[PDB]
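**Q** Would you mind keeping the following structure in view while I ask a few things?
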Amino acid sequence: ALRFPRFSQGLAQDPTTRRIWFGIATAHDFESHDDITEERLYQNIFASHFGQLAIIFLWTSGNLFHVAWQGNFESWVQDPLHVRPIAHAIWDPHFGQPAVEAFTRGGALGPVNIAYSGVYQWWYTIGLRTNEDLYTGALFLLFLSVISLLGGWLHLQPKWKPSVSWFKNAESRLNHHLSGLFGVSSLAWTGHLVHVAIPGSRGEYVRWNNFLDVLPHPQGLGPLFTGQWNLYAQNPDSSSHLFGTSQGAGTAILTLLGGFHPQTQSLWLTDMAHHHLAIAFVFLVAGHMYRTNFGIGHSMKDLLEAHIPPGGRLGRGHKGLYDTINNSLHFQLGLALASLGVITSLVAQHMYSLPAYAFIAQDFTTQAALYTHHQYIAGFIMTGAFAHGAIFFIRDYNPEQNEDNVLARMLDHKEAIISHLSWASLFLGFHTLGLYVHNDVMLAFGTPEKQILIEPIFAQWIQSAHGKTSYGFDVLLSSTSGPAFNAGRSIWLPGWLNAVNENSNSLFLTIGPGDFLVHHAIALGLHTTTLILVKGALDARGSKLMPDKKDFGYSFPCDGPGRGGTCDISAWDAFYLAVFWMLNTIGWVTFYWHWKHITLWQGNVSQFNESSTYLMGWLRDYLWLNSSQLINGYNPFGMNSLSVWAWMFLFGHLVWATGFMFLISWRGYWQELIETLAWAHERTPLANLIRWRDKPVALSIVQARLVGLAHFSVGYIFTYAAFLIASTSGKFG
Amino acid sequence: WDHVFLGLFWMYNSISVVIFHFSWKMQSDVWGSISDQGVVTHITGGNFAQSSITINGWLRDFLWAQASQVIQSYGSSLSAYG
Amino acid sequence: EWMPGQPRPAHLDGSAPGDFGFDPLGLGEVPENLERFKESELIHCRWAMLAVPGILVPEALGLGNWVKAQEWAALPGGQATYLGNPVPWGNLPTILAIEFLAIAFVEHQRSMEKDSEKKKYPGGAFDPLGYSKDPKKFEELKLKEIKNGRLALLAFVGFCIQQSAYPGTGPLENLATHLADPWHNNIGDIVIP
Amino acid sequence: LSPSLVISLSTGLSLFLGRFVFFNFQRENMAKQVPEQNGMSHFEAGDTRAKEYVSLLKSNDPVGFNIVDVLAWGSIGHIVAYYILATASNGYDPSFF
Amino acid sequence: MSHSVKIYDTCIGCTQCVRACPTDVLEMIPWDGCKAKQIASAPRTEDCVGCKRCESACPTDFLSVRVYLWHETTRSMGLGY
Amino acid sequence: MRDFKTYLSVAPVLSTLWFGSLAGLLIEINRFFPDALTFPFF
Amino acid sequence: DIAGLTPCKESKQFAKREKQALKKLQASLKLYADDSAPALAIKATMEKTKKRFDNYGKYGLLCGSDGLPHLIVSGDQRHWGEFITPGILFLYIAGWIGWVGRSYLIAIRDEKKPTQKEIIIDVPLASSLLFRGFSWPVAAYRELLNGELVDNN
Ligand code: CLA
Ligand code: CLA
Ligand code: CLA
Ligand SMILES: CC1=C[C@H](O)CC(C)(C)[C@H]1/C=C/C(C)=C/C=C/C(C)=C/C=C/C=C(C)/C=C/C=C(C)/C=C/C1=C(C)C[C@H](O)CC1(C)C
Ligand SMILES: CC1=C(/C=C/C(C)=C/C=C/C(C)=C/C=C/C=C(C)/C=C/C=C(C)/C=C/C2=C(C)CCCC2(C)C)C(C)(C)CCC1
Ligand SMILES: CC1=C(/C=C/C(C)=C/C=C/C(C)=C/C=C/C=C(C)/C=C/C=C(C)/C=C/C2=C(C)CCCC2(C)C)C(C)(C)CCC1
Ligand code: SF4
Ligand code: SF4
């Protein structure tokens with residue numbers, strides 16, 4: 001094209017300002033560009049992936065460098081408690097003198113920010129001890145970023161441009177990624193733990209200098225090649241072991257003993273080494289499954305063809321599904337995002353209950369920030385998975401090649417799926433809201449004993465099945481005579497039971513009726529968001545109101561006011577509506593997590609157990625009570641270090657409320673206002689000299705929906721982050 | 001009609017700000033109690049002059065501070081208000 | 001017919017040995033599927049026929065039962081016993097290795113044959129007494145084999161269920177318990193505790 | 001145990017099973033399973049690096065046992081042998097019952 | 001560089017699509033596939049704004065006139081300035 | 001009278017009568033059997 | 001003692017909650033003469049509270065550590081009256097309502113203007129069909145068996 005954007009001829013000749021907008025949100029959607037082919041699209045995807053890797057490495061290098069240059073890692077290593085981590089220094093010319101006073105924390109000589117990302121504990125656990133290690137790591141990550149950028153440039157040149165069939169070689173890619181990207185990387189991390197991190201935890205400094213001279217075991221690799229692997233699990237670290245020193249240390253490398261370290265309240269490093277070694281073995285085995293140039297292996301196409309149930313209860317089964325899943329990039333993107341979101345929720349739910357880094361369980365603000373961050377990330381990623389599934393249905397789905405498949409039969413019975421999801425969401429919402437309102441009314445009338453409190457008997461039984469003994473159930477892993485208890489009695493059961501039955505950590509917290517109600521509200525949110533996203537995906541190709549939606553693309557505003565009105569009829573609008581429900585669900589999850597943990601850390605779990613059963617308790621004892629120090633960050637009497645969190649709190653409230661006008665007020669009013677504004681500028685003396693090149697127009701309907709959603713999400717995230725960090729930092733527990 | 005629908009929100013906003021101003025100003029500078037000696041003690045102690053100039057002051061000293069009488073009304077005769 | 005007064009399924013016509021028209025779920029609609037089911041059923045019944053004396057006789061001779069004979073592999077360094085005598089090479093790795101080596105290559109030649117009748121009834125070296133020479137007696141023996149094998153499968157279900165109900169004891173002990181006073185100790189006590 | 005004896009025995013048994021017992025079934029399954037994209041094989045679709053090495057898979061064995069099968073069945077044997085050795089060394093694990 | 005207005009053969013012959021057009025995009029041409037012996041046509045889609053009044057008056061089961069929004073000009077964005 | 005009975009058969013009037021009768025029944029039940037959390041008759 | 005819950009009739013915290021409620025009610029009662037209507041209302045409220053606490057204790061409810069009764073919905077036969085019996089009663093009543101509505105919709109389905117029978121309910125037919133939901137489980141089971149419950153479109 002002759003004008004920005006150059007990838008779209010239709011947008012380039014636009015005389016209005018929306019072109020400037022629309023060249024931004026369509027820049028990375030290569031499939032909608034002008035004069036594109038398949039191989040060019042694949043090569044652009046490859047180059048953008050290399051770029052993204054480069055920015056990830058550069059961001060990590062910047063984190064390491066700023067911690068090394070402005071942080072207090074060396075003084076934090078000596079005293080992991082009673083020392084606050086420092087992320088980076090603060091240089092603000094707008095700062096007043098009391099701002100410089102209140103923000104001078106740690107051993108720093110100026111204003112600093114207190115790191116709540118947990119990178120200090122992670123780097124301390126894995127062997128980094130001094131600032132020169134952080135400088136070397138930052139240099140290595142910068143070199144990796146440069147290498148990835150060079151590779152992205154190289155693989156776009158005509159000599160090194162890959163063919164489209166190379167990208168479609170799914171068997172070799174999956175084999176290499178399972179064996180090399182998963183197995184070999186986990187084996188290398190096992191080697192790092194065994195050679196460096198585990199000796200570092202015992203007071204031995206192992207670097208590239210003494211790399212080849214320090215034996216990880218007294219017996220070397222002999223117990224690895226001649227059998228008798230148990231010689232690597234002879235004497236583990238004692239219960240009186242102190243992290244980072246040789247007092248109470250052992251010489252074991254790979255052990256299977258459950259529970260946490262007594263001092264750090266985190267998992268044993270030898271446990272992690274054995275875990276990553278076993279995972280490396282499993283992935284290296286699994287990476288020899290599919291066929292390659294060597295004749296042996298599986299063909300996933302025939303794997304999908306063969307799995308047809310006789311009787312036709314699944315139609316033609318998975319016939320032809322390999323071609324659709326291999327040819328469609330949006331199918332792969334949706335599956336990748338769904339799996340990534342599921343394991344991100346797994347990461348969030350497993351780091352708080354089974355902490356992985358030394359002295360991170362005591363850092364409550366770090367744990368809260370990490371959990372909230374990864375849960376919001378997982379929610380956004382799952383929403384994107386469903387959105388890209390809808391995109392695949394609109395763009396890449398081929399009905400002729402998918403007849404009587406397990407994929408077409410979803411569209412065959414989409415009404416049943418949508419209606420049953422609607423029933424589940426309606427039932428959950430009706431009964432959960434009714435129970436909550438019942439409890440609020442009963443306690444308002446001075447009768448808290450008339451509440452409906454349902455004990456989560458199922459989840460309590462599951463906790464007893466995992467070894468908890470606070471409910472009286474004599475079941476597996478809690479009864480001393482069970483075969484499950486007897487089989488694993490000698491290996492890991494004592495430590496695991498000691499960690500579970502300890503009522504100070506987050507491992508299998510005691511739950512009550514409030515947990516039941518909030519978990520059912522969580523189920524309501526999940527079911528409703530799934531309902532919206534599944535309805536959008538399955539009605540993306542068309543419905544009775546708009547049978548030809550597939551001809552109108554993924555994102556279009558409406559179909560006019562005819563047929564009763566057709567606002568928000570596209571699948572993009574279904575995604576936009578479901579983002580609100582995802583935000584509400586993650587808000588409920590993080591509210592529950594933060595309140596339960598902030599009552600446990602104070603040793604006042606009775607407040608949560610008695611106040612979480614009604615919504616006024618949530619409003620008063622959680623939102624109103626814990627925001628005193630947050631809103632008192634600055635007052636007429638002065639300010640303190642929580643003033644930044646108060647300012648970000650109000651900033652989030654403001655930008656959350658600003659999206660309400662991109663969401664409520666619509667386009668015609670603003671266009672008719674802009675017409676009068678243009679008339680005023682064209683008729684104002686000394687101002688007709690200055691004229692616009694692009695004609696001012698109102699924001700597009702889809703554009704305004706996106707802008708309002710962005711303001712809404714920014715307000716949600718910033719407000720809750722400010723409240724969470726201020727509440728957990730004004731009192732640490 | 002949509003212009004009326006939009007202006008309803010702005011009338012709501014304007015009247016809400018007006019009534020918040022009235023409530024805080026009369027609670028801080030007019031309403032209160034008279035002692036037998038002759039001194040006057042107001043409900044909010046005359047904090048409108050120094051706190052209402054900031055949005056944080058409205059959030060803390062007006063919304064958060066005075067909502068304690070409506071969130072703690074459970075179990076009493078004012079629980080219908082909660 | 002298995003269930004009098006009930007119509008026969010269309011897949012079964014009564015020509016097969018033991019074809020009593022019992023297929024409520026309609027598993028054998030496809031003819032080659034039905035042939036595979038016939039072969040698999042015959043193998044299951046023959047294994048249970050070898051099982052039932054192999055469970056009853058060691059219990060009757062006072063060597064334990066069919067659950068005691070597997071206790072030694074649970075113990076560390078356990079020693080297997082035959083007729084009260086310990087086999088010198090009877091350790092779990094050696095026993096499992098010889099079982100995998102010899103149970104394979106005897107289940108492999110069985111899959112080499114493609115004739116369905118030979119897959120079910122191979123003959124040859126497996127019929128040394130010439131009982132399959134006369135066709136009428138051949139079908140009669142087919143029906144007898146089918147009926148005794150279904151009885152053996154039911155007996156093995158009884159074995160497993162009685163072991164689950166009464167852990168760590170023998171089926172003949174359960175029979176003696178029933179014969180002690182049949183009106184008081186039976187399935188009723190476990191069906192209503 | 002003796003690592004050499006166990007490793008040699010397990011590798012020999014696995015190679016024997018691959019050569020004699022489970023050879024025809026495996027050959028038939030690789031005959032039926034060939035990776036194809038868009039109805040054609042990976043190499044003929046335009047991928048120059050997906051060509052099957054017919055020189056490496058050509059063998060003078062009467063049944064066609066080639067080096068790749070040797071590597072796979074030896075991997076099975078070594079894995080089984082090391083499992084046996086590591087389990088026999090440990091005098092624990094589901095033993096209390 | 002205009003909205004794409006398409007006429008399909010399911011058109012009855014009612015001129016309501018033409019009468020509902022505020023920019024004179026559609027017209028009625030002779031035909032033989034219906035009783036009315038006429039069908040709609042869109043020769044002036046360069047002046048189409050996209051208001052979709054034409055397909056808000058089409059009485060068929062689904063619309064015989066379809067307006068697909070496309071590249072937008074000064075006369076397609078309804079700009080008097 | 002037929003028109004008035006038709007008006008009494010319309011949706012809001014009939015709904016009001018039905019829901020008023022139901023609310024009265026529930027209120028009288030709650031007066032005579034107050035503070036019911038379980039079903040203790042069996 | 002399911003899930004570590006003491007029975008409400010043997011719970012100290014339950015009696016403590018009753019004591020706080022009675023103390024607050026007596027503090028409210030002290031403002032009025034005993035022969036007045038507000039005093040009689042307060043005394044009736046106190047008697048109702050005492051009866052409620054006694055009934056909750058005698059019903060077999062399990063009280064938690066906070067002194068409030070906790071319902072058990074796992075299906076335990078000691079607590080079938082908390083969820084299962086009221087659940088069966090609710091399912092019966094809801095099936096009654098749904099069956100009556102479905103019968104009314106089916107009856108007015110084949111008319112000239114069926115919608116006129118929805119905005120204006122035909123009361124005699126509705127009252128005729130009201131008691132047909134008394135035997136709703138039998139009718140629904142038979143209709144499912146005869147393939148009349150579902151429509152194959
Ligand atoms: C064995 C060699 C090998 C290796 C190492 C890789 C590696 C890679 N390839 Mg693959 N690839 C291979 C063979 C290989 N490939 C072959 C033979 C082909 C052709 C058939 C391809 C075709 C191919 C394509 C077409 C593309 C890739 C892509 C990628 C990159 C993925 C992005 C990423 O970094 O993942 C990072 C992920 C991990 C290291 C592991 C997974 C993470 C799990 C899910 C999380 C759990 C881990 C753990 C908890 C982490 C803790 C975090 C810490 C902070 C505590 C990665 C560099 C992309 C690319 O190159 O981008 C530049 C891409 O577009 N590959
Ligand atoms: C916080 C307020 C709120 C509430 C309560 C709801 C409620 C609901 N949403 Mg909505 N929604 C909201 C905000 C809200 N939404 C926002 C901000 C958005 C973003 C635009 C959406 C977008 C949205 C989508 C995209 C979808 C829903 C759907 C639903 C339903 C979910 C299932 C369920 O929970 O039903 C339980 C029902 C209730 C909680 C509401 C009724 C409240 C009580 C029970 C009323 C009983 C009446 C009472 C006697 C009063 C009498 C009235 C009068 C006489 C005075 C439900 C009707 C989903 C759906 O339709 O599911 C079927 C769905 O598809 N919502
Ligand atoms: C006549 C009775 C009636 C019956 C039998 C059904 C039946 C059904 N409904 Mg429908 N529905 C009705 C009325 C009815 N509905 C009404 C009035 C509305 C408007 C609020 C809806 C809206 C609706 C929704 C939004 C959903 C269903 C769903 C369902 C299914 C699951 C059950 C459930 O979710 O209930 C939930 C019921 C309602 C939300 C409450 C309204 C029902 C009232 C209490 C009764 C109506 C009775 C009528 C006015 C009485 C007249 C009597 C006559 C003598 C004149 C089920 C097939 C779900 C689904 O499709 O999944 C399969 C679901 O998602 N229904
Ligand atoms: C083929 C051939 C060929 C060539 O040519 C020739 C010859 C060699 C001759 C041939 C062979 C043959 C043979 C080997 C046979 C065998 C058989 C058997 C063993 C059977 C079983 C069979 C078996 C059977 C029936 C079984 C049955 C069972 C039962 C009743 C049981 C019972 C019981 C009792 C009492 C008690 C307990 O508590 C319970 C129970 C346990 C329940
Ligand atoms: C739209 C669409 C799409 C997408 C979709 C999605 C997004 C989905 C998601 C999904 C998901 C998101 C899913 C999930 C799932 C899950 C699961 C499936 C789970 C499982 C689990 C398990 C199985 C477990 C088990 C166990 C337990 C219980 C415990 C113990 C242990 C064990 C392991 C045993 C696509 C593209 C495809 C296509 C087109 C359409
Ligand atoms: C010539 C011939 C012959 C001979 C042959 C032979 C003698 C062979 C051998 C062969 C072999 C002798 C093979 C081997 C293989 C192996 C492999 C291929 C590998 C495996 C392994 C793996 C893969 C891994 C391992 C590991 C490690 C690294 C450590 C840790 C653990 C594990 C185990 C994982 C005869 C005379 C017969 C005849 C004529 C011809
Ligand atoms: S396009 Fe619409 S209005 Fe015009 S003739 Fe066809 S149906 Fe009638
Ligand atoms: S969208 Fe409007 S301007 Fe365009 S053809 Fe239809 S009626 Fe005419």
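By order in the structure tokens, chains are A, B, ...; within a chain, residues start at 1; ligands start at 1, following the order shown.
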Report as a VMD selection string which protein, DNA and RNA residues come within 12 Å of ligand 7, using only C-alpha atoms and all ligand atoms.

**A** chain E and resid 5 to 21 25 to 31 33 to 42 52 to 67

**Q** Take the residues just selected and output them with C-alpha atoms as a CSV table (one decimal), in the first residue's frame.

**A**
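Wrote it out as part35.csv, contents follow:
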```csv
chain,number,residue,atom,x,y,z
E,5,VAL,CA,-24.4,-5.0,-1.7
E,6,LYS,CA,-25.5,-8.3,-3.3
E,7,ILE,CA,-28.9,-9.4,-4.7
E,8,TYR,CA,-29.9,-13.1,-4.6
E,9,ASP,CA,-32.4,-15.0,-6.7
E,10,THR,CA,-34.8,-15.4,-3.8
E,11,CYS,CA,-36.0,-11.8,-4.4
E,12,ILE,CA,-39.8,-11.7,-4.7
E,13,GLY,CA,-40.0,-8.4,-6.6
E,14,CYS,CA,-41.2,-6.1,-3.9
E,15,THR,CA,-39.6,-2.7,-4.3
E,16,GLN,CA,-39.3,-2.0,-0.6
E,17,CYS,CA,-35.5,-2.5,-0.7
E,18,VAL,CA,-35.3,0.3,-3.3
E,19,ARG,CA,-37.8,2.6,-1.5
E,20,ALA,CA,-35.9,2.1,1.8
E,21,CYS,CA,-32.5,3.3,0.4
E,25,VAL,CA,-28.0,2.5,-4.3
E,26,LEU,CA,-30.5,0.0,-5.5
E,27,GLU,CA,-32.9,0.0,-8.4
E,28,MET,CA,-35.4,-2.4,-10.0
E,29,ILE,CA,-34.5,-4.2,-13.2
E,30,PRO,CA,-36.5,-6.6,-15.3
E,31,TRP,CA,-36.3,-10.3,-14.6
E,33,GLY,CA,-37.6,-15.6,-12.0
E,34,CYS,CA,-40.6,-14.5,-10.0
E,35,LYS,CA,-44.2,-13.3,-10.5
E,36,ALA,CA,-43.3,-9.6,-10.4
E,37,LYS,CA,-41.0,-10.0,-13.4
E,38,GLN,CA,-38.4,-7.8,-11.7
E,39,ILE,CA,-35.3,-8.1,-9.4
E,40,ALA,CA,-33.2,-5.6,-7.4
E,41,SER,CA,-29.8,-4.5,-8.5
E,42,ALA,CA,-27.0,-2.5,-6.8
E,52,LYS,CA,-29.0,-1.7,6.2
E,53,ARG,CA,-32.5,-0.2,5.8
E,54,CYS,CA,-32.8,-2.2,2.6
E,55,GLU,CA,-32.5,-5.6,4.3
E,56,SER,CA,-34.7,-4.4,7.2
E,57,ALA,CA,-37.6,-4.4,4.7
E,58,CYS,CA,-36.9,-7.7,2.8
E,59,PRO,CA,-39.8,-10.1,3.5
E,60,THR,CA,-38.2,-13.4,2.5
E,61,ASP,CA,-37.2,-16.1,5.0
E,62,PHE,CA,-33.7,-14.7,4.9
E,63,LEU,CA,-32.5,-11.6,3.1
E,64,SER,CA,-32.4,-11.5,-0.7
E,65,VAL,CA,-30.4,-8.2,-0.3
E,66,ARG,CA,-27.2,-8.4,1.7
E,67,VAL,CA,-25.0,-5.5,2.7
```

**Q** Need the shell around residue 81 of chain B: protein/DNA/RNA residues with any atom at most 10 Å away, counting only C-alpha atoms. Skip same-chain ones fewer than 6 positions apart. Format as a PyMOL selection string?

**A** (chain A and resi 444) or (chain B and resi 69-71+73-74)

**Q** So that I have them on file, write out the residues from the current selection with N, CA, C and O atoms, as a compact mmCIF listing (two decimals), in the first residue's frame.

**A**
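Dumped everything to selection-v3.txt:
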```
# COMPACT_ATOMS: atom_id res chain seq x y z
N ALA A 444 -28.98 -10.52 59.78
CA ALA A 444 -29.50 -9.16 59.95
C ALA A 444 -30.58 -9.12 61.02
O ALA A 444 -30.66 -8.17 61.80
N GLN B 69 -21.63 2.80 59.87
CA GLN B 69 -22.94 2.79 60.50
C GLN B 69 -23.98 2.00 59.71
O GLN B 69 -25.03 1.67 60.26
N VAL B 70 -23.70 1.69 58.45
CA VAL B 70 -24.61 0.88 57.65
C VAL B 70 -24.11 -0.55 57.46
O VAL B 70 -24.93 -1.45 57.26
N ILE B 71 -22.81 -0.79 57.57
CA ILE B 71 -22.32 -2.17 57.48
C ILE B 71 -22.37 -2.88 58.83
O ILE B 71 -22.33 -4.12 58.87
N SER B 73 -24.95 -2.46 60.99
CA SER B 73 -26.33 -2.38 61.44
C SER B 73 -26.99 -3.74 61.58
O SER B 73 -28.16 -3.80 62.00
N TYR B 74 -26.30 -4.82 61.24
CA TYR B 74 -26.87 -6.16 61.35
C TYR B 74 -27.11 -6.52 62.81
O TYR B 74 -26.30 -6.23 63.68
```

**Q** How would you write, as a PyMOL selection string, the set of residues no farther than 8 Å from ligand 1 when counting only C-alpha atoms and all ligand atoms?

**A** chain A and resi 45-53+122+148+152+166-177+179-182+184-185+340+343+347

**Q** Tell me, as a ChimeraX atom specification, which residues lie within 12 Å of residue 55 of chain D, counting only C-alpha atoms; anything in the same chain fewer than 5 positions away does not count.

**A** /A:293-295 /D:60,66-68

**Q** List all protein, DNA and RNA residues that have an atom no more than 9 Å from any atom of ligand 3, counting only C-alpha atoms and all ligand atoms, and report them as number ranges by chain.

**A** A: 416-427; F: 15; G: 94-95, 97-105, 117-118, 121-123, 125-130

**Q** Store the residues picked out above, limited to C-alpha atoms, as a short mmCIF file (atom, residue, chain, number, x, y, z; two decimals), in the first residue's frame.

**A**
```
data_model
loop_
_atom_site.label_atom_id
_atom_site.label_comp_id
_atom_site.auth_asym_id
_atom_site.auth_seq_id
_atom_site.Cartn_x
_atom_site.Cartn_y
_atom_site.Cartn_z
CA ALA A 416 -28.35 -29.35 23.94
CA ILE A 417 -24.88 -28.29 25.11
CA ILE A 418 -25.81 -24.61 25.36
CA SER A 419 -29.13 -25.31 27.11
CA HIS A 420 -27.57 -27.70 29.64
CA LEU A 421 -24.81 -25.17 30.37
CA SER A 422 -27.53 -22.55 30.84
CA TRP A 423 -29.40 -24.85 33.24
CA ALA A 424 -26.25 -25.56 35.27
CA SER A 425 -25.34 -21.87 35.50
CA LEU A 426 -28.91 -20.84 36.38
CA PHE A 427 -29.25 -23.53 39.05
CA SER F 15 -50.75 -13.83 38.93
CA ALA G 94 -41.68 -28.62 41.28
CA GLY G 95 -42.66 -31.62 39.18
CA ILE G 97 -45.91 -27.26 38.80
CA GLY G 98 -43.98 -28.25 35.68
CA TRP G 99 -46.37 -31.06 34.76
CA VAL G 100 -49.41 -28.79 35.22
CA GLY G 101 -47.82 -26.09 33.07
CA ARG G 102 -46.83 -28.59 30.38
CA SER G 103 -50.33 -30.10 30.37
CA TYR G 104 -51.89 -26.65 30.02
CA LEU G 105 -49.53 -25.77 27.16
CA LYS G 117 -54.91 -18.50 26.02
CA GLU G 118 -51.51 -17.47 27.45
CA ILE G 121 -55.53 -17.89 31.22
CA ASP G 122 -58.57 -20.09 30.66
CA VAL G 123 -59.32 -20.76 34.32
CA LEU G 125 -59.11 -25.89 32.10
CA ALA G 126 -56.27 -24.79 34.39
CA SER G 127 -58.24 -25.77 37.49
CA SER G 128 -59.11 -29.09 35.85
CA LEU G 129 -55.41 -29.74 35.19
CA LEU G 130 -54.20 -28.46 38.59
#
```
